[PDB]
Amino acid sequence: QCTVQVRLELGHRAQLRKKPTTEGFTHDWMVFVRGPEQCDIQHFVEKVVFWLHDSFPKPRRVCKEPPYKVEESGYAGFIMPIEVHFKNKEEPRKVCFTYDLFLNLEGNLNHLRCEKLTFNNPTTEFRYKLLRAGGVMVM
């Protein structure tokens, strides 16, 4: 028996444009999923799916390799499902987050959300992937 814990960071930044875009978009924002502190999550992460509001074109954005991030311009905040799929050949194959992509009016915004995943009795190949990315076997 064996249990592994590994950390992901979800974040975004948002800046109020000095000049809005032609469509009237007031902000530049960027959303990402990364490993903390030098850790590389590509070892166990197969792809990240960012589901953008359907006002955006091709709202289902996919990154299959780092950096796992979406850069965009818009005018309001919105709820953004985020799927992180794993390099696993058994369940669980993905985790889903509900991310609040919010913009403020005062100008500069940075947000960071620290998530912790636990995998119970992973295969030994997947376990190696987890640890190479900064994971932790536990009680």
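The first residue of the shown sequence is 1; numbering continues from there.
Look at the mean CA B-factor for 35-43 and for 74-82 in the entry; the higher one is 35-43. The deposited model assigns a higher average Cα B-factor to 86-94 than to the other stretch when 24-32 and 86-94 are compared.
For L112, the recorded CA temperature factor ranks within the lowest third of the chain's modelled residues. Residue-level temperature factors show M139 in the highest third of its chain, judged at the C-alpha atom. In the PDB entry, a CA B factor belonging to the highest third of its chain's modelled residues is recorded for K18. Remark: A133 belongs to the middle third of its chain, ranked by C-alpha B-factor as recorded. Annotation for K58: C-alpha temperature factor in the highest third relative to the rest of the modelled chain, per the entry.
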